[PDB]
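Coming up are structure 1 and structure 2: the same protein chain in two forms, each one given alone as structure tokens.
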Structure 1
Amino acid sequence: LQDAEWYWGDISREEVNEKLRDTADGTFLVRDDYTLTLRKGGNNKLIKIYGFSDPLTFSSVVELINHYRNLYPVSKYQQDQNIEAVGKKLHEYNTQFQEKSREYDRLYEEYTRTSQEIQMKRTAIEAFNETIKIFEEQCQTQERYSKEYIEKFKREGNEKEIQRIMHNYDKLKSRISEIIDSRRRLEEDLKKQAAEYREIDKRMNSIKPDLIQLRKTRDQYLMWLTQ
């Protein structure tokens, strides 16, 4: 009864909730007075104890379960992969795990960094767009005003002042072209980095399950040495 497999000593609830995570409604284990944890609707129900309510039909706890049995349990033992070779693989599976662990963190260091830089670029582009809009309105302001002046100076012989107006105009538009060029070189940097992000993601999603199952198997190799 103490030996029987579904009994998990006197453990904390964090440990229990961990194992009942992600199971089908039915799975169970008993723990310490005796209580029984169980799945129903995808929740961890708690049920005290021999019997539950009034008619205490049973003689021991190991019987009580087996009547309601008429639920596939969590096993203290069942650790499907000599003490010498298992002591070795703990150094091997734990190194294989810990090498991936540090590769994941460095992937996250990129992930985060790269995420922020993208958002920055997106702001910068919004800025350039508004900047450029303002210069384009300055262009239309120059036409409105230089219209009446360029015609006057053209009517006079004075094309010295025509040359002075259009020195300003050429600078303005040359400046616009430079700003548009800067927005464009950022648009390519943004698209390049967005793909670099999408890629860094694909690598993390591919190394995420690898990290989980390396912990599952490694944890059960420790459970064999302590039993």
Structure 2
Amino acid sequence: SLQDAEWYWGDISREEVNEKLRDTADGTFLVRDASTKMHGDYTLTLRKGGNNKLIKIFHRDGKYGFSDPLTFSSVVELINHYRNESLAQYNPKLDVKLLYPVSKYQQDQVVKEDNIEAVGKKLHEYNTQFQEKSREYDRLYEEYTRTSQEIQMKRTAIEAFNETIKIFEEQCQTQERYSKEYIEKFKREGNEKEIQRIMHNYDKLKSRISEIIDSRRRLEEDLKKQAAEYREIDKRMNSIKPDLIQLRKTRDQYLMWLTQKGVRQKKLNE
């Protein structure tokens, strides 16, 4: 039968099948009833070339098929025919067999006694464990962005210190240039008074250059330490992401045992 077939999911949306053939291998296939919501009209989608390629299953006189010449009796016959041999018969442009089926009620990884608490209790547990680990991820991403812009604020400030220091060092190298042969001329006149005026000013220059050099390393030191904890926030987010996805899918499929009741009473209670 078609309704019980592995690869028939029913009222599933295109965006939902795109989320199920993501990064899968060529040949993975799945069929829905067409998005048109018209009875007895279906669409098959298979992975080929990194793309999800859709094809329409026409229906006429009870027969089936996806071309103007229509043949098969049921879709299960149409599909299994192309599970045994390739569909290059239809179009040589793609020549993969319907290799990997993705079924609706496999991956149902609830193993213990199916007491209704497997929903009312273990679902609320995983969902509580999912929203907590989501709270932490958003907290990390916030201080991650804060730390990100604080770092570049400091990188441009040390770059400013570099220019100021470049400009005070060239000042020293011009003081020695234009004061040398006046110091040398004062020296033989016996005018130590004027020499100490020059040296008193040269000391003043390289005295301040020491202060801005110290202010730079004190900033490079804060930068080095904040750049480090920025990398730690990164690896923590990378460790929380795979876990967060793992228990989000577990919370999602634990609605399977809610679908056991169908009507969403056992979650409306929560």
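Numbering for residues begins at 1 and runs along the sequence of structure 1. In this text, rigid core is short for the largest set of C-alphas that superpose within 1.5 Å between two forms.
S.K.: Which one moved? Candidates are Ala127, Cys139, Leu90, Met120, criterion is a Cα shift of 2 Å or more between the two structures after superposing on the core.
M.R.: By this measure, the answer is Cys139.
S.K.: Superposing on the rigid core, I want to see if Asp189 changes position between the two structures - specifically a Cα shift of 2 Å or more.
M.R.: Shift at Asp189: below 2 Å after core fit.
S.K.: With the core lined up, does the C-alpha of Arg155 move 2 Å or more between the two structures?
M.R.: Yes, the C-alpha moves 2 Å or more.
S.K.: How about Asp201 - superposed on the rigid core, does its CA move between the two structures by 2 Å or more?
M.R.: Where the cores coincide, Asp201 shows only a C-alpha shift between the two structures that is less than 2 Å.
S.K.: Once the rigid core is superposed, tell me how far the Cα of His167 moves between the two structures, in Å to one decimal.
M.R.: With the cores aligned, its C-alpha sits 3.5 Å away.
S.K.: Once the two forms are fitted on their rigid core, how many angstrom does the CA of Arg21 move between the two structures?
M.R.: Core-aligned C-alpha shift comes out at 0.7 Å.
S.K.: Having superposed the rigid core, state how many Å the Cα of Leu222 shifts between the two structures.
M.R.: Here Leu222 registers a C-alpha shift of 1.0 Å.
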